[PDB]
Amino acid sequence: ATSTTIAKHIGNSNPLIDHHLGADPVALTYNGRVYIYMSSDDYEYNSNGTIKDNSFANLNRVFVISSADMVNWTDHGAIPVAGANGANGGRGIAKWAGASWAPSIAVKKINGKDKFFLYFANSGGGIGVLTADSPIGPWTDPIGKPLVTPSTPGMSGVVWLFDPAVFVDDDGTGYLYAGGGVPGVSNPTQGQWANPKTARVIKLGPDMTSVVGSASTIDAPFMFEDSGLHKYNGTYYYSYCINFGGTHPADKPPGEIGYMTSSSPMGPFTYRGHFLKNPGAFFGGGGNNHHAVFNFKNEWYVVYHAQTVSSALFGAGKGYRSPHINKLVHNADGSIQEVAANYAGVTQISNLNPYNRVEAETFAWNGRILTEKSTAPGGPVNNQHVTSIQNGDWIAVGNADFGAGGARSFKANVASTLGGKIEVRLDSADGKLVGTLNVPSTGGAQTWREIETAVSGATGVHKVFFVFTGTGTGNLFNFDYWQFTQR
């Protein structure tokens, strides 16, 4: 192992991923996994190949990752949401939409079957929705145009119609929160900064792809954007990013996450405080806040973004964002403690079972690879592979539990022009070697073979490193999935 981690260091849980970016995160909790959906931040370049500032040109897909344990993330690749102005190569799902910003996600049992709803902002041109039968798709546009526009009843007054947050209440009723922006265009008055009145909540129909009645105004003081709704102990918590303009009182600090409570999902809400400081208060690279509060495996957390990957790569954040998660604490009086955002992040909550098929694109740490959609036959929905593997690169999983009996062998599905090796190491990238898998020439980068090799010394709970070596300079092989066999 020679390659180093960009930003997510071995033993640390933030950022969630660093092999690519992901902005404006939101969380779905579903059947033992947490899925994070993100805006498709990707590095933009000047004509001479130098990095430039993010201009949101690439924000036309939704990136999806998931975890059972908060440390190992499965990369589910990208939903080609926007389909206007070319797609997505003609493959965009929402043909009327040029962008898909700031996704929100919901699940609802309909007709005794779980259905999934992905919402997004078409820049400021309105909020759309796609549906699927799985949290990872495939996705359908059941409407063919925005779900909500400025002409939706109650939506008049919204300056920026974006950052959706959709909540399915305990009675099954869906609610959409959206909006932001500050009225008064170039120079808002002090009062316009303090009460923009651009936050909205609208009740959704039973089908989650229509609205009922009109939108209500949520008078979020110093509203900016980044609506959020969670429900704790019977109380609804509307959270949002506070704006940066005008003078601000001590209790409504610019750019921090504010929150309000109500006994009803549509209000009236009462301002309670703030629980997340600006990204730059904790990290390198600065940036504006975006967040979602969620309860996964019976603990409360907040997913948010920071510019921690671009900052490490370039020495400035340049508007490129990455996901983070930290614990969120409610007090006895229903207030929320300041979120201690950091790199350490959340300690692994359960072990990984190495004896099932584990996607190669399920990993906790990596020393510089990429993931992309795979040509491998079979595999889960939107199956990816690990690629851009050069000599010295590696990936690692946290706390694989080999058990007392330990592993007998190691299988890997690979595709290779020239061939190479996978070293299986415990604890560190230079750690105990338990096996070496010889990757043959398989016929090329799109011809797959599952290879098996011996393992010994793999018992109990360890980080596991897959260290890639070979003589070639470019790409040694593509790596789809692996599996250990029990002794």
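The term rigid core refers to the maximal set of C-alpha atoms that superpose within 1.5 Å between the two forms. Numbering starts at 1 and runs along the sequence shown.
Comparing 41 to 49 with 434 to 442 by root mean square Cα distance to the shown form in 4 other deposited structures of this protein, with the rigid core used for the fit, gives 41 to 49 as the more displaced stretch. Two stretches, 85 to 93 and 270 to 278, are weighed by how far their CA atoms sit from the shown form in 4 other deposited structures of this protein after rigid core superposition; the farther one is 85 to 93. Set 406 to 414 against 228 to 236 and average the Cα temperature factors; 406 to 414 ends up higher.
Look at the C-alpha B-factors of 72 to 80 and of 90 to 98. On average they run higher in 90 to 98. Looking only at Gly128, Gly191, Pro150, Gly315, the residue with the top Cα B factor in the deposited structure is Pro150. Residue set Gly474, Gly22, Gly11, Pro15: peak C-alpha B-factor at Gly474 (per PDB entry).
In the deposited entry, the Cα temperature factor of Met38 places it in the lowest third of its chain's modelled residues. Among all modelled residues in its chain, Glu361 ranks in the lowest third by Cα B-factor. Among the modelled residues of the chain, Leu433 sits in the highest third by CA temperature factor in this PDB entry. Residue-level temperature factors show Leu161 in the highest third of its chain, judged at the C-alpha atom. Split the chain's modelled residues into thirds by C-alpha temperature factor. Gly179 is in the middle one.
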